[PDB]
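So you know, we letter chains A, B, ... as the sequences are listed, proteins then strands, and number each from 1.
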4 protein chains.
Amino acid sequence: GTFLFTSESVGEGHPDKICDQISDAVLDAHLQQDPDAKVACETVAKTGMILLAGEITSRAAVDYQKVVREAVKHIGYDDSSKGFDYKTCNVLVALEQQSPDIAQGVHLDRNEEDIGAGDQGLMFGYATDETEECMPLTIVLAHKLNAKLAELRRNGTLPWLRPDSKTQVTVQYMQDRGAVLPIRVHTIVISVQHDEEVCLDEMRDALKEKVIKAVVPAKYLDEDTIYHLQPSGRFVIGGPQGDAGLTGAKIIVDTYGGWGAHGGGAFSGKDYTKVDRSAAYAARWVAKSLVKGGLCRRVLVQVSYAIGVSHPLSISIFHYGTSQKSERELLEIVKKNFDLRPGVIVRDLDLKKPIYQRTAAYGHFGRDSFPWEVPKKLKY
Amino acid sequence: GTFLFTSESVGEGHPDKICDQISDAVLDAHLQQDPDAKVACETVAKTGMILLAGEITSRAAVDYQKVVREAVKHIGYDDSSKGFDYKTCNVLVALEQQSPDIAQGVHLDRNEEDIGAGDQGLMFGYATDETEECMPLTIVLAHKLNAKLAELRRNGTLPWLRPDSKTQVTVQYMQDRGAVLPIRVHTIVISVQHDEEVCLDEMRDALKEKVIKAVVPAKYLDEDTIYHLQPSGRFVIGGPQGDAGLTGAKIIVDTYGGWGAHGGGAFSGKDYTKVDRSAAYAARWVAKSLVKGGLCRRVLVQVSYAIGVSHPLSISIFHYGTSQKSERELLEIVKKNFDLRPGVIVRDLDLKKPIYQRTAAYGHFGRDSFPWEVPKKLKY
Amino acid sequence: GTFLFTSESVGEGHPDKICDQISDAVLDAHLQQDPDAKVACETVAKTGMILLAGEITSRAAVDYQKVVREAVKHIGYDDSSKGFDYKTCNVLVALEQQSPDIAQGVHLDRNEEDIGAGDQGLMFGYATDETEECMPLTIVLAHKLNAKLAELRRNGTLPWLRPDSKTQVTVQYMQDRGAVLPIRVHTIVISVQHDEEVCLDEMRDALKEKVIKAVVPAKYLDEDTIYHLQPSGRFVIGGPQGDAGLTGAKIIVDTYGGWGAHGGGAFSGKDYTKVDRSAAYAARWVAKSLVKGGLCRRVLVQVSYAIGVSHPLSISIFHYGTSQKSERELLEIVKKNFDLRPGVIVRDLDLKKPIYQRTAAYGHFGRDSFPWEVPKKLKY
Amino acid sequence: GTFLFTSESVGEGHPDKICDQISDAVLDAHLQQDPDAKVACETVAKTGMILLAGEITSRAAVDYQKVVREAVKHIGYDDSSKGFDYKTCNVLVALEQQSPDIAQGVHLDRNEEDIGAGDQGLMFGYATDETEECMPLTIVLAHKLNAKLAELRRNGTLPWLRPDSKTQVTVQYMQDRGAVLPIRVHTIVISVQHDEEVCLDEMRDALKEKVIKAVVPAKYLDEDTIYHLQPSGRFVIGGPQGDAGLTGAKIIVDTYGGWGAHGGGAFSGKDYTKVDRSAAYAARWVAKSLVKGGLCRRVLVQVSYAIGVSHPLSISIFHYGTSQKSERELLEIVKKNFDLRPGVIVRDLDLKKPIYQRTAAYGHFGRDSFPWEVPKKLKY
Ligand SMILES: Nc1ncnc2c1ncn2[C@@H]1O[C@H](CO)[C@@H](O)[C@H]1O
Ligand SMILES: Nc1ncnc2c1ncn2[C@@H]1O[C@H](CO)[C@@H](O)[C@H]1O
Ligand SMILES: Nc1ncnc2c1ncn2[C@@H]1O[C@H](CO)[C@@H](O)[C@H]1O
Ligand SMILES: Nc1ncnc2c1ncn2[C@@H]1O[C@H](CO)[C@@H](O)[C@H]1O
Ligand SMILES: [K+]
Ligand SMILES: [K+]
Ligand SMILES: [K+]
Ligand SMILES: [K+]
Ligand SMILES: [Mg+2]
Ligand SMILES: [Mg+2]
Ligand SMILES: [Mg+2]
Ligand SMILES: [Mg+2]
Ligand SMILES: [Mg+2]
Ligand SMILES: [Mg+2]
Ligand SMILES: [Mg+2]
Ligand SMILES: [Mg+2]
């Protein structure tokens, strides 16, 4: 009656995550001066290069060189010895205004509450009572392992560490009436970029004793836990030099780690009129509100939109059998309590605030009491 | 006892799909001369620009200008009036060899069968008996609507059509003992790029009569079906001019349309040593083999890997209650019948063959009897 | 006692000249809002691509997409059939602020009159009484042949013409006491981009009858004049698709066509603190003032600078024996009448005015009564 | 009876010279495998970026990443502390085949001796007996000052030096019957990039004692010589980070330092069919042959071409009055002794040999006994 499930996470210096952070740094910079900026900023990273590509219509005056370079500095890529340096990399910009055809279809001449969805699409929200963060344990652990790497790099404990890292956690679970109950960590993978001087045994020892043991509750570890620590044997070349980065290339890391579902919409570099972002945030908020309200233990919420249309086209609720209420009753509760138009979500979740760079590593969900992580008290 | 579910698809000229097709055109070109080419080719598209970024180690001599431009020609972007032209766009290349640290960790000096996974990661396979293609109806319909658009453009029936299109289908379902049974199409969205001369009513009439009616079985349509046809009102600007494209930005379109799950791994531009591609293909093959073998009606398969390690770290099977066999029994059957090392999958699925461009629109699954769509006869 | 001399010119759509015009369009846009903008804008052109590279510190808010695209529209590249289209090309920007090390060395905290030269360098000015424009006949004719091409393209007389063109004129001269006296046109070359429909004989006939005969005074043409008209035989591919363009790649076309001398400094995309521009303009002004003042018939002026130093390091005057005054006397006259500090030249020549795009085809000298073409009355 | 004249030179790490060296490295790499490669490679450099733009048709298999990066390594940009690093910069490639319209006009189906000029244009050759190298003293000194900088950097004498440098020398001359006779160095400018630790007085002292005194014969220096050493006061930011680089942006540095004349044709990145290179080299060879043959002391040679035509359109010889022979007699001698078709020059000067990178700093003329610097014995 047990099953395995695996999730992964990446660190701040993973090339895809560099792009997500830069795109959201660019978005925040616009929003700081123009709360109504229309932003759709993709970032591409390869050896020595940050390229911004996409569409921005805004009143803000933004110094892209500064914004990009400060983001890469925060990540820690500050010397050619590390494979990338904010001081001396190439920053190229291919940014145009938003298509006027889109603008006229979505928001021009509309009352804010009634703005159309910025695109079509489908979005899911998920919550699970298995952790206090209402998130899968597999992904929560994976994220914390990367955060611990960054901490130890930054505080000088493990000065051989670089910014690019990946982690993966397999948990063995049992189920109870459709809820899931973690039993033990089955397998942990950690790969992290490193300097030329440190040997593999020192790294593997440090990853076990200073990272894994510092993060994973000991009740979940036993003698049969499998560790794959620096399994490649060598990871000196890293960041964009080792592997190309794109914005929106970590959508599963950003969300639920393989649990629930995903509609395909990336978050980073988009203002609230992009329902890929605002409706996914709202959907998480719905799902979390249902669980923390005691109406279910686990729940998946789907919504979907058409470009130019303000109201969702479909809402669906799946409770995995973890409620005494029917799924149709939960749907009636959601419909009574939430207004999932983007022009209303923006007010409920304060989505014109320039806090997006903070979302762009370690997952958008399950941390920091962002507005979509504060449950709505439900009337029913 | 009914529920709604929504999936989307995009056409060949959607800017993300242009990138996926180009990346796979580049991969095929390498594989045509060097079956063992190591390829990790991302493509970025914006107004007038195709950029290739990533890592390729190969013996092939490839003319990137020709390969890229022929792919964009096939898609149909051949004049500045359409917003993009293969004859005159910019093709920029930022391609390096594969990192030697990766190469030494994964494949150098290894027997082919025992090559390590090209990366860590998690991958799901899904199959459902609701259609002959073993795919969700929502996504199958969405894909066929885009294919019909392309057909009508190409044959000159609707010469006002351009290549960039999106579709979305919401089906109303009932469930039966964990299987799903489609009842009716609830909502259809179609947005498609068009010329400056055609009016909106002509387009909406054509989308209803020549596209939707030609594709959706009439038993699924009724008087309450909701149509959102060119809901933006105007879509003259399109392709990379309207919206930036990236490779791997359509991973849900490429797979199961929101059903099942996704581990986050994009397919296009990667050779078989990238388990994001090979293991996802194998997982689909497993799932399809279970359903077509009559062991379940619906099934989700997870596998996961570590870089440099040949065997999967975890396998999990979820049958939604649609089998008399336990999930653990299905897992024992999968373990008996499949070898999910990448160096074995490559032989079973013939993944050195240059057929990848064909996968890169209209979904990787549910069509054309690709090798991963031919069920394995199971011993148990 | 005769000699041949050859000069060339290029048209507005020659890829190097596209870059010069774009760089000066960018400069003008800055100067329109911030008269003290520091601008060093290089432009690179290839198939489908305009890249801006360089350094700009300015208070202006400039829409590079608009500025670039409007410049390419003015040139006439507006359809993929012509090989380039302002509507749909890629505009990439790699622009940073001026180096603070340069800024502190040249202008920060300085009184305007005493700003240092923006760089080291040498610059020449030249004037010759052989034409009313005080320019060599060879280059004046070459420029007018390109201007006539553009006129006939624009007015629809020769609608098969495209924007990319080159011309070259060889004149046979005699000398008189160091002045030069044109006798006849020896050879004319014209190459111009064209459509796919027009045949070579129609083009060659039109180039002779509608272009050459319309431009070159008939006294200079005879039966032995050699014509090389579309000598390549085919010129359908042109503009940046046929040949890469760079700013500052037409410095001889921009100046004296091989006569006099050149110190190596390009003009386009630079504000007045760049002495490559301001001192060359001043030097032309000196040379023209000497000739129109009747102090010589032909004259070459050299000046040179060091970065951060306001006054020139060297001034030299060479009159080819065409004055009764010694060269040292002409030098004393120049020193009495001109102040060749950049912070003074800017006032004399009004070099903060946004008129630079107009300079960037058909030569910077010998036309339009620009301020450096209005002779200073000399005191001596 | 004296006059001043100024020339400049730049060092190997000047951003324009980086581009010239890279373009010629790319050319050499092609020529190493395919002696008939058609190459027209421009290079653009800015912070963190090397872009190759242009046209190459060749049978060679060239690894642009290696070729570019090895060239930047040779120059000395190997750490982010220096502002640029060959290990980690971005190398972008926008290279297409040669235009088929050009190819058919110039060389396809032609006997090699009779290939047409690769373009129209004018080119000058110059030689002067004032130095053993037959070059102006002003430019020879400027080049040697940069070479001494590189030597002292490379051998560790002045380890605070970086690769980017500029120099400028003003010589006071007298004339003798049209020959020029250097008397003294009037002014020297040196600007060189440096580390953050060295103070200005140490630099200025070293530039005087270790560079200028090591290079300039003491007979040319006196107490009135003016020195402008690090005149900006600070030059820590340098290379492509301080200033954009382009190929062909140092054409006066590459040739005669302001003496003689220039037709506008850049050398680097072009195979011999580009007469900008081959005919300029031949013209230098003619001029040097005239002087070393004792037919004049100083001489300027002009030639010019039309695209597709093998023979020059015009030849002109100007001896400044430094011969007893008339200019027309020298012209008859040149015509008797030289064949200035590009398909013949290639044989005389061995221009398919991959030695071009060596030409791309410190001037193309006056050094190393390149074939165009070995005088032809003249028959007359
Ligand atoms: N040598 C290596 N060993 C393990 N992981 C690596 C290595 N190089 C890169 N990676 C990580 O895996 C991803 C894909 O190659 C990169 O973004 C990086 O985070
Ligand atoms: N004006 C429009 N109306 C509807 N869809 C559009 C429009 N412009 C672009 N799109 C589609 O939506 C996506 C996101 O803007 C694009 O890739 C494109 O396919
Ligand atoms: N086929 C051709 N015939 C003549 N001139 C050309 C041709 N193609 C390009 N050119 C011109 O010559 C230059 C160098 O190839 C280009 O900028 C262009 O102006
Ligand atoms: N701070 C400086 N001082 C002097 N010369 C410089 C400085 N920065 C750059 N340069 C040189 O002058 C050129 C133009 O700015 C550059 O290529 C570089 O060689
Ligand atoms: K990648
Ligand atoms: K996008
Ligand atoms: K060129
Ligand atoms: K520059
Ligand atoms: Mg990735
Ligand atoms: Mg989407
Ligand atoms: Mg997209
Ligand atoms: Mg992955
Ligand atoms: Mg040119
Ligand atoms: Mg200069
Ligand atoms: Mg320069
Ligand atoms: Mg030329």
Side-chain angles (χ1 to χ4, degrees), chain C residues 3-8 40 42 44 46-47 49 51 53-55 94 96 99-102 104-106 120-122 124 166 168 170 186-187 189 191 228 231-237 242-244 246 248-253 258 261-264 266 302 304 306-309 313-314 316 327, chain D residues 3-8 40 42 44 46-47 49 51 53-55 94 96 99-102 104-106 120-122 124 166 168 170 186-187 189 191 228 231-237 242-244 246 248-253 258 261-264 266 302 304 306-309 313-314 316 327:
Chain C
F3 68 88
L4 300 181
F5 204 95
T6 300
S7 307
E8 75 180 344
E42 317 285 15
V44 181
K46 196 39 207 170
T47 312
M49 183 190 74
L51 164 79
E55 302 88 31
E96 303 193 32
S99 162
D101 289 359
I102 292 177
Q104 67 81 43
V106 167
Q120 73 168 53
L122 48 141
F124 299 88
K166 298 185 81 178
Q168 194 179 277
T170 304
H186 178 280
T187 300
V189 187
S191 289
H228 290 281
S232 74
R234 186 178 163 84
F235 187 179
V236 174
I237 297 160
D243 179 44
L246 303 171
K250 282 288 160 283
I251 70 171
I252 305 304
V253 170
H262 206 300
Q302 193 187 56
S304 71
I307 191 169
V309 180
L313 307 190
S314 69
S316 307
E327 285 162 340
Chain D
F3 68 88
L4 300 181
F5 204 95
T6 300
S7 307
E8 75 180 344
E42 317 285 15
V44 181
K46 196 39 207 170
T47 312
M49 183 190 74
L51 164 79
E55 302 88 31
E96 303 193 32
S99 162
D101 289 359
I102 292 177
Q104 67 81 43
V106 167
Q120 73 168 53
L122 48 141
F124 299 88
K166 298 185 81 178
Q168 194 179 277
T170 304
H186 178 280
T187 300
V189 187
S191 289
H228 290 281
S232 74
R234 186 178 163 84
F235 187 179
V236 174
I237 297 160
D243 179 44
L246 303 171
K250 282 288 160 283
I251 70 171
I252 305 304
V253 170
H262 206 300
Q302 193 187 56
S304 71
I307 191 169
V309 180
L313 307 190
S314 69
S316 307
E327 285 162 340

**OP:** Only counting residues at least two apart or in another chain, list the ones meeting side chain to side chain contact (heavy atoms under 4.5 Å, CB included) with C/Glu327.
**Re:** C/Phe318, C/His319, D/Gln175
Subject >> Top contributor to chain D contacts, counting heavy-atom pairs under 4.5 Å, from C/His228, C/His186, C/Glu55 >> reply: C/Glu55
**OP:** Among the options C/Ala249, C/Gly242, C/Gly308, pick out the one with the most heavy-atom pairs lying under 4.5 Å from chain D.
**Re:** C/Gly242
For residues [X] and [Y], report the shortest heavy-atom separation together with the two atoms involved.
X        : Y        : result
D/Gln104 : C/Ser232 : NE2-O, 2.9 Å
C/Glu8   : D/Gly121 : OE1-CA, 3.7 Å
D/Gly258 : C/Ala261 : O-CB, 3.5 Å

Original post:
Measuring from D/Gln120:CD to C/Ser191:OG, what's the distance to the nearest 0.5 Å?
Top reply: 6.0 Å
Subject >> Nearest-0.5 Å distance, CD of residue C/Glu42 to NZ of residue D/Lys46 >> reply: 9.5 Å
Which atoms of [X] approach chain D - backbone, side chain, both or neither, heavy atom under 4.5 Å:
X        : result
C/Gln302 : side chain
C/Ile307 : both
C/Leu4   : both
C/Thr6   : both
C/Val236 : both
C/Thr187 : side chain

Region of [X] that comes under 4.5 Å of a non-hydrogen atom in chain C:
X        : value
D/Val44  : side chain
D/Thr47  : both
D/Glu96  : side chain
D/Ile237 : both
D/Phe124 : side chain
D/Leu313 : both

Which of the residues [options] is involved in the greatest number of heavy-atom pairs with chain C at under 4.5 angstrom?
options                               : answer
D/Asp243, D/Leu122, D/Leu51, D/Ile102 : D/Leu122
D/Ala40, D/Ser99, D/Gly248            : D/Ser99
D/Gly233, D/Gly54, D/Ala53, D/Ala266  : D/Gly54

